[PDB]
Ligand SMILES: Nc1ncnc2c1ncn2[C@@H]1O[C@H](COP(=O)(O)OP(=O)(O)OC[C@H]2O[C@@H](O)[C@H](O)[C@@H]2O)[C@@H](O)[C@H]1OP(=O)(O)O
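Shown next as structure tokens: one chain only, the form solved without the named molecule.
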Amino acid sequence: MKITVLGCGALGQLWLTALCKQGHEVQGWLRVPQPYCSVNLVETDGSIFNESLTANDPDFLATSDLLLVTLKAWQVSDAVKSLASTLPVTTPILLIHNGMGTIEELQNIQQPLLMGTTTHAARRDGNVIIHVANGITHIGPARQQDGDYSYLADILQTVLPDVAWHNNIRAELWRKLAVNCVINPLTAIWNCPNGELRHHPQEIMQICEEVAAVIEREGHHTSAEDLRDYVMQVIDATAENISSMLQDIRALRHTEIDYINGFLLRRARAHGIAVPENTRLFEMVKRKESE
């Protein structure tokens, strides 16, 4: 098939490479138009893959069979709306990113919309992309009207193992966003490795109690304590790492906070749930971004 990949960064080059090695017709799409996307990715065994692909061709977009989006969350909805009048109104759009809240920004999209997240790990070092680890990409329908597109998880399985379809993909999205609402902003505000958080159990519970209150009202079964125990287990296992949010902070790149604790605040707001710790952290990180 013909696929346009939106974003030629780490995750976008990992998909372009995999689609490209299965023989699919592919193009990338850049925010700053260029006729080609130069892919240079290192495979998990250290092998290189390096090709020059077509980019930003409107005719190739108008005949594409899948729009695969791999931008950061705060970029997604504007970039998708820009291309949706050109992509066929029958062609499915798959969003892969961390965080939640892009579907609410895309509710009038006519095309089939699918939402997803991955545990594959891909790092960008300058113009080099490193496929750090293999993993699973979970996808599913964004709205009630997108439920008949489970065939994409079978095609994608053949391209970048493993892929799983979930009829209620929001359950898996919240599991990851719950943990990120604790780890990302705390590390960001205390500019510490994940392991520091181990020294702050009482406070982590308070955030988890707020997170747990919003999720329960959203229709999912979780407990504040269960959530707390899991976060601490993640913190122990990733003790020396620098989070994705702290990484953004240290490089002064915009953060995905509007789609992590910002989404919890928005949903908390819609259900009327008290979230003072999450609001403080959200506002703090926003002040750091501005400087």
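Note that residue numbering begins at 1 and tracks the sequence as displayed. Residues that one form lacks are left out of the comparison. Each form is matched to the other, and the largest set of C-alpha atoms that superpose within 1.5 Å is called the rigid core.
Same protein, other form: the form solved in complex with the named molecule, not shown, and the subject of what follows.
- Taking the pose of the named molecule in the bound PDB entry and superimposing the surrounding C-alphas onto this chain, would you call the site open or blocked (blocked if 3 or more ligand atoms come within 2.4 Å of backbone or C-beta atoms)? Pocket blocked on this form.
- Task: Heavy atoms, 4.5 Å, the named molecule in the bound PDB entry: which of 64 to 72, 262 to 270, 221 to 229, 35 to 43 makes the cut? Say which one.
- Result: Looking at the other structure, the answer is 64 to 72.
- Query: Just to confirm, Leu11 within 4.5 Å of the named molecule in the bound PDB entry by heavy atoms?
  - Reply: Taking the distances in the bound PDB entry, the answer for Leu11 is yes, it comes within 4.5 Å of the named molecule.
- the named molecule contact at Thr91 in the bound PDB entry, heavy atom, 4.5 Å: No, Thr91 sits far enough from the named molecule in the bound PDB entry that none of its heavy atoms falls within 4.5 Å.
- Message: Using a 4.5 angstroms cut-off on non-hydrogen atoms, would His120 count as touching the named molecule in the bound PDB entry?
- Response: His120: yes, in contact with the named molecule in the bound PDB entry.
- Task: Consider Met205 of the chain shown here, and say whether it contacts the named molecule in the bound PDB entry, taking contact as heavy atoms within 4.5 Å.
- Result: Answer no; every heavy atom of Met205 is more than 4.5 Å from the named molecule in the bound PDB entry.
- Item | Listed residue (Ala153, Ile189, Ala213, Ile96) with a non-hydrogen atom within 4.5 angstroms of the named molecule in the bound PDB entry | Contact check passes for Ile96.
- Task: Quick one: from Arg143, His200, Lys176, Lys81, grab the residue that has a heavy atom within 4.5 Å of the named molecule in the bound PDB entry.
- Result: Only one listed residue qualifies here, and that residue is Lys176.
- Item | Triplet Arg124, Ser244 and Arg253 all within 4.5 Å of the named molecule in the bound PDB entry via a heavy atom | All of them do, each having a heavy atom within 4.5 Å of the partner.
- Item | Neighbours of the named molecule in the bound PDB entry among 17 to 32 [non-hydrogen atom within 4.5 angstroms] | Counting only heavy atoms within 4.5 Å of the named molecule in the bound PDB entry, no residue of 17 to 32 makes contact.
- After superposing on the rigid core, which residue among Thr54, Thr63, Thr44, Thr238 shows a C-alpha displacement of 2 Å or more between the shown form and the other one? Everything else stays below 2 Å; the exception is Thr238.
- Task: After the core superposition, state the residue ranges of at least 3 consecutive residues in which each CA shifts by 2 Å or more between the shown form and the other one.
- Result: Flagged stretch (3+ res, CA at least 2 Å): just 232 to 239.
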